[PDB]
Every structure is written in C-alpha cells, then in structure tokens.
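Coordinate analysis (summary)
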Amino acid sequence: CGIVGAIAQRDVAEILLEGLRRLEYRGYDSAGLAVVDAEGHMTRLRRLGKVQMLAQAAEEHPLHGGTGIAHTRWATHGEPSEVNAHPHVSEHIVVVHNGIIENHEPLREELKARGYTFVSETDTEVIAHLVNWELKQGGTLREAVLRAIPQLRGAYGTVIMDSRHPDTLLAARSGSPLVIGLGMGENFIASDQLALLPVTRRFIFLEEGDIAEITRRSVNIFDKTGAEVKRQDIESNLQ
Amino acid sequence: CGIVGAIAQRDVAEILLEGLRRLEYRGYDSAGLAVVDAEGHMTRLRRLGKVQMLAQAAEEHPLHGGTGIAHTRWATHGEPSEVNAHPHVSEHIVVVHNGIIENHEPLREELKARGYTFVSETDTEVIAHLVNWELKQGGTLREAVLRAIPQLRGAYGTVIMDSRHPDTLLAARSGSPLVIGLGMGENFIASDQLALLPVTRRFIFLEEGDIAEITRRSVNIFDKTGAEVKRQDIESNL
Ligand SMILES: N[C@@H](CCC(=O)NO)C(=O)O
Ligand SMILES: N[C@@H](CCC(=O)NO)C(=O)O
Ligand code: NA
Ligand code: NA
C-alpha cells in the first residue's frame, strides 16, 4: 500500500518511519522496514499492526544505515501476519511491493525448482527470489532487474535493494505509482509525494514502464529495453 | 553578509556551499567555511574572491563533518583578504559574523592585554577571542556566549562553534537577522531563509536578543538573562 525508500549518507530509518506515518491514512494491516549500513549489514523489522507499533519496536533497535525501504501493507496475497509483511528478502535481495504479481504461481514454481524456499504466502516474495535468480546469472542489480521485470505480470510498483551493495536502489513502476524525491547528496522514493515532503520538495514522477536506478548522487531512468529516458524534475507546491 | 550553518549527521559542506551560492546576489568580497567532524577535527577554507573559487578549492579538500558554518563577507573592518575572511578562530572557537561590533577597539586591547593574538584586522575576531576567554572561565558554550554577548555593542548576528564539542552551535541575533531551519535529525541556521530552502521549509525566526543553542535534535532559545523563550516555527515555501 505505501512505499518509502531512501538512499542517503545519514541514517534514514526515522525518515522512512515518518514517510510511513504519512501513508497510513490510506489504511493497512501491517508495516515493515529494512535498512542497510555502508558495510552491508541489514536490519529488517516488521509488525503485524500499525506503524506506531513498528516505530516503538524501532526505538529499541536504533537501526543504523543510510539505505532503506519501508512499506505499509494492505494484504491481497497471504493473510496479514508478520511473516507476510514487507520487506521480503531473498538472501541479500530486499523488496517492497505495491500491487499484485498476477503470475506469481508459475513463477513461484520455477523458483522452487531453482532451489528457493518460499517462507511467505505473498506474490511479493516471488520478486525477491527472481531478482536473486537473475542476479546469479551475472551483471549489476540494474541489469538483473531489467531481466526480471518483463517476467512479471500485473499492476505493481516495487523498490529493490541488494544489501551487499547498499549504494543503489532499483525501482520499477508498472501499474502502481512511484515518485523520486531529489535531495542534496541523497535521494528518496515513495508511492506518494506526500511521504517525502519533510525532506524534499523536488520530485521526478516515474512513468509507466520506467525502471530507475537511484543512488545518493544520481537518478538514471530506463525503459524495459534498457533505453535511457529523460524525466523532468518539478518542484512541488504542496504542504 | 551571508551566514549559513548546519548541524547534521551527514556531511554539510555541500549544503553550506549551496547556501552561500544562494546568498551571492547580495554582493561580497570573500567567503569561507569551517566544518568539524565527530572527532573534533576542523577544516577551514577561505578565499578572497567568489564562492565558486571556494567551491573549487573545496573539491580538492573534500571536507568531512556534520557541523559547519560558512559566510560571505562584505568587508567593513579590515580590507578584503583571505586573512580577514570568516570563519575566524580562537583555537577551538570558530565564528562567523554579520554586522559590526562597534566596541571592537576597547575589546581588542582588553583581549590583547589578556594574551590573545589578533591575526586579522576585523572586529569579528574579537568575538572569537572573547568567547574563548569566557569559556576558559568555565561552563558550557551556551553559558560562555551568554556572558560574552552583553559585552558586545553593535548591530550583529553571529554563529559560534567549538570544534571540541561539535554537537552544538550557538547563535545570537543582536540587530541582524538569523533564522533556524528545522530538519529531521538535523538543523540549520542562516541569515536568510533563501539559503536553506533546498533542505527544509520549516523555520524559526530568531527575535532580537535571542541566543539559540542548536543541536541535531533540539533548538533551545534563550534571552540574555538566560531565560528560555518559546519561538514559533513557520512553514515557508518561497
Ligand atoms: N500483493 C502484495 C502487496 C499488496 C499491497 O500492499 N498493495 O498495495 C501483498 O499482498 O503483500
Ligand atoms: N564587520 C565584519 C562583518 C561584516 C559584514 O557583515 N559583512 O557582510 C567584517 O568586516 O568582517
Ligand atoms: Na505491470
Ligand atoms: Na546589538
């Protein structure tokens, strides 16, 4: 339901939690976040329940790290439970996802043959394992995600990270909104500009089919053929 | 002329440089910045000339540190020169200043008599040595500033840091504008909100006579008798 992600020099957990607070009004059954520090140490915290519960859990875990993604979930596939909450993982691959992967069944079956254990009942978990799978075939996270995305069917928005290389976030808009917020030496992404207003007012709205590679210093957006596309940033007048 | 300051977890040099760029339209002859990392290592860079010259020098010096102050100067006391540019230092005390300290002469002699060496011809440098002096007498940087400000006469604003304790900036508004920018786990200060728009839109204007102690997580504002005052934060997108 709500996605927020950030890639910064400063710790981003508090920014992710504030963004999720801003996305609650939409409604949801659970929420989670994962942050990775510069050494690739990932901390993931999820809760069945409200962001406030997640925030209270985070208070006893000071999550350090400048790369992170967070999500509030309105369950479609798999009952609300902590196991099914996002972020989902596949070793170092961590994903948050809005929407539905229509063809999750056949995909889940392939990945099971490839030796992947599904721990959740979500369609989402297929994204994580599949990117893990593609990445094993060689190349950067961007290249792996360019191969993964066309295999996915449905109306979805996803942000992916590799905890081993916390310097890049990949995001793909494919039926669900995502917008990039531009910072000074940091960048953010959310499913709604409203989440990011406390830290930036300058946005790039991704378009349908866009895949964005986001680092602290650059945003590069591509279509599914790997062609670079140019998207304009705009200043938001909202408060 | 322009002051920008920041206290953050992330490196702030680029934010300071961009704030100075946003203050150039006012005019100036020199500019400088100082940043301190968590271990109290201070890097100070100043240039006679344009902010671009400073930004170019900074690119060969990548300045690390989450606490910093920066300034564009329009010379009033002491000709434009790198020596007279701010920030000025007195060992670990680092200062930027807008305005004029009208009683700088009596204070300079007083601090010379007290053993300080003035390297610059500015009135500004007296602030740095005066705070350093008061701090020697004991107490926190806020307490020292509280004692120092009443000794100064003039229309001025200043932001002060102690590289030994990079977790706090002190600012005093005494006839020249200063505004605090509120961030998330970081805070900023500038002589003009225009400087800070890239990083925040929420501001607290300091009022005349206010002394603010700013950390990454809190802003505490006091008057000269040391009473805590409450100032309202405003959202302001220009
Ligand atoms: N299908 C995924 C995501 C549902 C969601 O939150 N959409 O906004 C799930 O059930 O977890
Ligand atoms: N009097 C100080 C600061 C002058 C000023 O405000 N310039 O804009 C000096 O001469 O350095
Ligand atoms: Na789609
Ligand atoms: Na004054």
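Provided above is the structure to which this section pertains.
In this report, the structure presented in the accompanying data block is examined.

All names here are of chain B. Here seven strands make up an open sheet; going across it, the order is β5-β6-β7-β8-β12-β13-β14 and the pairing antiparallel. Here the strands that pair on one side only, and so sit at the sheet edges, are β5 (88-90) and β14 (228-229). Here three bridges tie β5 to strand β6 (residues 93-99), and the two strands are oriented antiparallel to one another. Across the sheet, residue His88 finds its bridge partner in β6, namely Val95. Along the sheet face, helix α4 (residues 124-136) touches β5, β6 and β7 (156-162) and points at about 140° away from the line of β6. Sitting on the sheet, helix α5 (residues 141-148) is in contact with β6, β7, β8 (169-174), β12 (211-214) and β13 (219-222), with an inclination near 150° to β7.

Let's shift gears to the interface of chain B and chain A. The interface of chain B with chain A comprises 14 residues on the first partner and 15 residues on the second. Taken together, both faces of the contact between chain B and chain A bury some 1300 Å²; the carbon and sulfur share is 44%. Run the count over chain B and chain A and you get six salt bridges. In this structure, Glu186 of chain A and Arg10 of chain B form a salt bridge, with 3.4 Å as the shortest nitrogen-oxygen distance. Put simply, chain B and chain A have ten residue pairs in polar contact between them. The element that contributes the greatest number of residues to the side of chain B that touches chain A is helix α1 (residues 13-23) of chain B, accounting for three residues.

This part covers the site of ligand 2. All names here are of chain B. In the vicinity of ligand 2, the contacting residues are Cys1, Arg73, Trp74, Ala75, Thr76, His77, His86, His97, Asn98, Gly99, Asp123 and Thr124. The side chain of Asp123 places a nitrogen or oxygen atom 2.8 Å from a nitrogen atom of ligand 2. Protein chains bury 95% of the 320 Å² of accessible surface belonging to ligand 2 in isolation. For the shell around ligand 2, the leading source of residues is β6, giving three residues. Across the shell around ligand 2, the residue classes break down as three nonpolar, seven polar and two charged.

Attention now goes to the site of ligand 1. Residue and element names in this part refer to chain A. By nearness alone, 13 residues border ligand 1, and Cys1, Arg73, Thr76, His86 and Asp123 come closest of all. A distance of 2.7 Å separates an oxygen atom of ligand 1 from a polar atom in the backbone of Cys1. Within the side chain of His86, an N or O atom sits 2.7 Å from an oxygen atom of ligand 1. In isolation ligand 1 exposes 320 Å². Once the protein is present, 92% of that is buried. Residue assignment for the shell around ligand 1 shows that the elements contributing at least two residues are β4 (67-73) and β6 (93-99). No other element matches the three residues that β6 contributes to the shell around ligand 1.

On to helix α3 (residues 104-113) of chain B. Residue and element names in this part refer to chain B. Within the sequence span of α3, burial applies to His104, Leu107, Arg108 and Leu111. Buried residues along α3 cover an arc of 100° about the axis, so they all sit on one side. Set apart from the buried face of α3 by more than 90 degrees, the exposed residues are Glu105, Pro106 and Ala113. Elements in contact with the buried residues of α3: α4.

Residues and elements named next belong to chain B. The protein atoms that coordinate the sodium ion (ligand 4) are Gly154 (O), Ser174 (O) and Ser174 (OG), at distances of 2.2 to 2.5 Å. Here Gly154, found in the loop between α5 and β7, pairs with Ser174, found in strand β8; they are 20 residues apart in sequence, far enough to count as distant. Residue classification places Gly154 among the partly exposed residues on the basis of a relative accessible area of 26%. For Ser174, a relative accessible area of 18% corresponds to the buried category.

Next up on the list: helix α4 (residues 124-136) of chain A. Residue and element names in this part refer to chain A. Over its 13 residues, α4 extends 19 Å from the first C-alpha to the last, a length consistent with the 18 Å expected when each residue adds 1.5 Å. Here α4 lies mainly inside the structure; eleven of its 13 residues are buried. Where α4 is buried, its residues meet β5 (88-90), β6, α3 (104-114), α5 (141-148) and β7 (156-162). Count one or two residues on from α4 and you reach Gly138, which has phi positive near 105°.

Parameters and conventions
The numbering scheme counts residues from 1 along every chain following its written sequence, independent of the entry's numbering, with residues that lack coordinates not shown. Note on labels: chains are lettered from A, ligands numbered from 1, in written order. As a rule here, side-chain values cover all heavy atoms of the structure and leave hydrogens and water aside. Here, a strand pair is defined by DSSP locating no fewer than two bridges between the strands. Here a helix means four or more residues in a row that DSSP labels H or I, a strand means two or more in a row labelled E, and each is numbered from the N terminus. Here, residues are in contact when the closest pair of their heavy atoms is within 4.5 Å. Only the contacting stretch of a helix is used when fitting its axis, a line to C-alpha atoms as for every element, and angles between N-to-C directions run 0 to 180 degrees. By buried area we mean the combined loss of accessible area, with a 1.4 Å probe, across both parts when two parts are placed together. The rule for a salt bridge is simple: a side-chain nitrogen of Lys or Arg has to be within 4 Å of a carboxyl oxygen of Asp or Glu. Two N or O atoms count as a polar contact when they lie within 3.5 Å, although within protein this holds only if one can serve as hydrogen donor and the other as acceptor, and sequence-adjacent residues are included solely when both atoms are side-chain atoms. For each residue, the test is whether any non-hydrogen atom lies within 4 Å of the molecule or strand; if one does, the residue is near. With residues, only the protein chains shown are counted as cover, and all accessible areas are computed by Shrake-Rupley using a 1.4 Å probe. Any residue that is not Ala, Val, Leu, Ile, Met, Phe, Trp, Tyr, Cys, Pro, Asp, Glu, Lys or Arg is counted as polar, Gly included; the first ten are nonpolar and the last four charged. Relative accessibility thresholds used throughout: buried, under 20% of the residue-type maximum; exposed, over 50%; partly exposed, between the two (1.4 Å probe, protein chains only). For this quantity, the arc is that covered by the directions from the helix axis to the C-beta atoms. Counted as coordinating are nitrogen, oxygen and sulfur atoms within 2.8 Å of the metal, or 3.2 Å for Na, K and Ca, while water is not included, which may make sites look incomplete. Each residue after the first adds 1.5 Å to the expected span of a helix.

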